[PDB]
Chemist: 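Sharing a structure below in structure tokens format, with a few things to ask.
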Amino acid sequence: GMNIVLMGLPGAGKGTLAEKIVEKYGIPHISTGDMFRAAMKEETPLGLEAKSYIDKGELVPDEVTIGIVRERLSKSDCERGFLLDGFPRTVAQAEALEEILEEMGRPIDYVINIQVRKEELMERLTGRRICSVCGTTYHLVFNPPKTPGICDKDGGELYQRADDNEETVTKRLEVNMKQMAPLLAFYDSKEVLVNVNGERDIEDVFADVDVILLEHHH
Ligand SMILES: Nc1ncnc2c1ncn2[C@@H]1O[C@H](COP(=O)(O)OP(=O)(O)OP(=O)(O)OP(=O)(O)OP(=O)(O)OC[C@H]2O[C@@H](n3cnc4c(N)ncnc43)[C@H](O)[C@@H]2O)[C@@H](O)[C@H]1O
Ligand SMILES: [Zn+2]
């Protein structure tokens, strides 16, 4: 039941770590990328407009993104704790989150930053593949399918997501590296920032996060 933000550049492993943390601790995963993808699959106006930002590797504007996050954090589950992933991405979003959480009386406990050098991030994102049937994630180096091009579960054809090609990855890295040092400083000045080396086996990265949360459990 903690209030945790996972920070990291695109490809750092936030979603992968978040599944392990939700599995074990039961707090809801709040991912702005998953909320925009849900809205896009439902073909809402906001989801289709968000797609132009997502496919070009740019940030959706602050005002609409803050509004969706504010609405989701207002739900009863988030009163127990939450794992934010992908938000905040600009200092304006982080200031907005401070005002939202101040109103809720729910200060952030940790901001866990997962550090991975950009050269590794480019390989992590460009080699990801997604199942067109079930949406399961594969990685051509780190987590390959049994057979190339095909999902192990259902026979679905794998694809590269629109924003994981090298041109879009380069833009995503540029756009988020610009915001990274101001956001890290914001949270290090608040004394909630923990840096974790993400260039390791997922189980090792997870153990270094888990040992923090288990300290609170005990
Ligand atoms: N707040 C906001 N404001 C404005 N716009 C916003 C917004 N939030 C979202 N958006 C918009 O939505 C877009 C997408 O955003 P968002 O969905 O937040 O995506 P992201 O964080 O850029 O990056 P990924 O989700 O691609 O990375 P991840 O850190 O979760 O890595 P993962 O575990 O998946 O792993 C990646 C790969 O690496 C592999 N991997 C993971 N861990 C390891 C490891 N330890 N070793 C080797 N491989 C690993 C995985 O198998 C996988 O293939 C944005 O570009 C923007 O357009
Ligand atoms: Zn599948």
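Along the sequence shown, residues are numbered consecutively beginning with 1. Atoms within a ligand are numbered from 1 in the order they appear, just like the ligands themselves.
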Chemist: Quick one: CZ on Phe82 to CG on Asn3, what's the gap to the nearest 0.5 Å?
Modeler: 4.0 Å

Chemist: Quick check on contacts: which atoms of ligand 1 are under 4.0 angstrom from a heavy atom of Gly86?
Modeler: 1 (N), 2 (C), 7 (C), 8 (N), 18 (O)

Chemist: Are there more than 12 heavy atoms of other residues, nucleotides or ligands under 6.0 Å from atom CD of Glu167?
Modeler: no

Chemist: Give the numbers and elements of all ligand 1 atoms closer than 4.0 Å to a heavy atom of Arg161.
Modeler: 26 (O)

Chemist: Mark up the atoms of ligand 1 that fall under 4.0 Å of a heavy atom belonging to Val60, in ascending order.
Modeler: 4 (C), 5 (N)

Chemist: Is the gap between the ring centers of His216 and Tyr110 under 6.0 Å?
Modeler: yes

Chemist: How close does the nearest protein non-hydrogen atom get to atom 18 (O) of ligand 1, and which residue and atom is it?
Modeler: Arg89 NH1, 2.9 Å

Chemist: Select the closest option to atom 7 (C) of ligand 1 among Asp85, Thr137, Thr32, judged by heavy-atom distance.
Modeler: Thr32

Chemist: Please identify which atoms of ligand 1 are closer than 4.0 Å to at least one heavy atom of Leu125.
Modeler: 26 (O)

Chemist: To the nearest 0.5 Å, what is the distance between CE on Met2 and CD1 on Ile212?
Modeler: 9.5 Å

Chemist: Could an N or O of ligand 1 be found under 3.5 Å from any N or O of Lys14, whether backbone or side chain?
Modeler: yes

Chemist: Considering both backbone and side-chain atoms of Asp201, is one of its nitrogen or oxygen atoms within less than 3.5 Å of a nitrogen or oxygen in ligand 1?
Modeler: no

Chemist: Would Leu17 and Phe206 count as a side chain to side chain contact (heavy atoms under 4.5 Å, CB included) if you check the C-alpha gap in whole Å, the side-chain angles of each, and the deciding distance to 0.1 Å?
Modeler: CA-CA 6 Å; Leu17 268 91; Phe206 178 68; 5.6 Å; no

Chemist: Search all heavy atoms of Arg124 against all heavy atoms of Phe142 and return the closest pair with its distance.
Modeler: CG-CE1, 4.2 Å

Chemist: Taking distance alone, with N or O pairs closer than 3.5 Å, would you say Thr16 contacts ligand 1?
Modeler: yes

Chemist: Could you list which atoms of ligand 1 come closer than 4.0 Å to a heavy atom of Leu59?
Modeler: 4 (C), 5 (N)

Chemist: If we set the cut-off at 4.0 Å for heavy atoms, which region of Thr65 has an atom near ligand 1: side chain, backbone, both, or neither?
Modeler: side chain

Chemist: Output the list of atoms in ligand 1 that are nearer than 4.0 Å to some heavy atom of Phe87, sorted by atom number.
Modeler: 1 (N)

Chemist: Quick one: does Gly15 get an N or O within less than 3.5 Å of an N or O on ligand 1?
Modeler: yes

Chemist: To the nearest 0.1 Å, how far is atom 27 (O) of ligand 1 from its closest protein heavy atom, and which atom is that?
Modeler: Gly11 N, 3.0 Å

Chemist: Report the part of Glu19 in contact with ligand 1, treating N, CA, C, O as backbone and CB onward as side chain, heavy atoms under 4.0 Å; options are side chain, backbone, both, neither.
Modeler: neither

Chemist: N/O to N/O below 3.5 Å, does that happen between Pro10 and ligand 1?
Modeler: no

Chemist: Locate the shortest heavy-atom distance separating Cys151 from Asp154; write the atom from each residue and the value.
Modeler: CB-OD1, 3.2 Å

Chemist: State if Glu120 counts as touching ligand 1 under the rule of any non-hydrogen atom under 4.0 Å.
Modeler: no

Chemist: What part of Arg200, side chain from CB on, backbone N/CA/C/O, both or neither, has a heavy atom under 4.0 Å from ligand 1?
Modeler: backbone

Chemist: Can you tell me which residue among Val209, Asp210, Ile202, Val205 is in a side chain to side chain contact (heavy atoms under 4.5 Å, CB included) with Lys20?
Modeler: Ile202

Chemist: Using a distance-only test with no angle check, is there a side-chain donor-acceptor pair under 3.5 angstrom linking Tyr53 and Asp163?
Modeler: no

Chemist: Do any N/O atoms on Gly8 end up under 3.5 angstrom from N/O atoms on ligand 1?
Modeler: no

Chemist: Quick one: look up the protein heavy atom nearest atom 25 (O) of ligand 1 and list residue, atom name and how far away it is.
Modeler: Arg128 NH1, 4.3 Å

Chemist: Within ligand 1, which atoms have a heavy atom of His139 less than 4.0 Å away?
Modeler: 53 (O)

Chemist: Please report the C-alpha distance between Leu97 and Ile108 in whole Å, then the side-chain angles of each, then the deciding distance to 0.1 Å, and finally whether the side chain to side chain contact (heavy atoms under 4.5 Å, CB included) criterion is met.
Modeler: CA-CA 9 Å; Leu97 178 62; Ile108 289 163; 4.1 Å; yes

Chemist: Taking all heavy atoms of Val175 and all of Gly57, pick out the closest pair and write down the distance.
Modeler: CG2-O, 3.9 Å

Chemist: Hey, mind stepping through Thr168 and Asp55 against side chain to side chain contact (heavy atoms under 4.5 Å, CB included) and telling me if it holds?
Modeler: CA-CA 7 Å; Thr168 306; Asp55 284 3; over 6 Å; no

Chemist: Mind running side chain to side chain contact (heavy atoms under 4.5 Å, CB included) on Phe87 and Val5 for me, showing each step along the way?
Modeler: CA-CA 8 Å; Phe87 183 94; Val5 173; over 6 Å; no

Chemist: Atom 48 (N) of ligand 1: which protein heavy atom is closest, and how many Å away?
Modeler: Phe142 CD1, 3.3 Å

Chemist: Look up atom CZ in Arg161 and atom OG1 in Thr137, then write down how far apart they are to the nearest 0.5 Å.
Modeler: 8.0 Å

Chemist: For atom 56 (C) of ligand 1, grab the closest protein heavy atom and report residue, atom and distance to one decimal in Å.
Modeler: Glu58 O, 3.4 Å

Chemist: Tell me whether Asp154 has at least one N, O or S atom under 2.8 Å from the Zn ion (ligand 2).
Modeler: yes

Chemist: Is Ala12 in contact with ligand 1, taking contact as a heavy-atom separation below 4.0 Å?
Modeler: yes

Chemist: Distance check, rounded to the nearest 0.5 Å: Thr90 atom OG1 versus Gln179 atom CD?
Modeler: 6.0 Å

Chemist: Atom CG of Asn165 and atom OG1 of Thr170: how far apart are they, to the nearest 0.5 Å?
Modeler: 8.5 Å

Chemist: May I ask you to say whether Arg72 pairs ionically with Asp77, meaning some side-chain N is under 4.0 Å from a carboxylate O?
Modeler: yes

Chemist: In terms of side-chain geometry, is the basic nitrogen of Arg129 or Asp164 positioned less than 4.0 Å from the acidic oxygen of its partner?
Modeler: no

Chemist: Could you tell me the residue and atom name of the protein heavy atom closest to atom 19 (O) of ligand 1, and the distance to it rounded to 0.1 Å?
Modeler: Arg172 NH2, 4.0 Å

Chemist: Determine the minimum heavy-atom distance between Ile30 and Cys78, stating which atoms define it.
Modeler: CD1-SG, 3.9 Å

Chemist: For atom 3 (N) of ligand 1, what is the nearest protein heavy atom, given as residue, atom name and distance?
Modeler: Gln93 NE2, 3.1 Å

Chemist: Looking only at N/O atoms, are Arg37 and ligand 1 under 3.5 Å apart anywhere?
Modeler: yes

Chemist: Give me the nearest non-hydrogen protein atom to atom 46 (N) of ligand 1 as residue plus atom name, then the distance to 0.1 Å.
Modeler: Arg124 NH2, 3.5 Å

Chemist: How wide is the angle at the Zn ion (ligand 2) spanned by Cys131 SG and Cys151 SG, rounded to 10 degrees?
Modeler: 110°

Chemist: If hydrogens are left out, which of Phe36, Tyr53, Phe206 has an atom nearest to atom 10 (N) of ligand 1, that is, the closest non-hydrogen atom?
Modeler: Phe36

Chemist: Is the shortest distance from a heavy atom of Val205 to ligand 1 less than 4.0 Å?
Modeler: no

Chemist: Please verify whether a non-hydrogen atom of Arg129 lies at under 4.0 Å from ligand 1.
Modeler: no

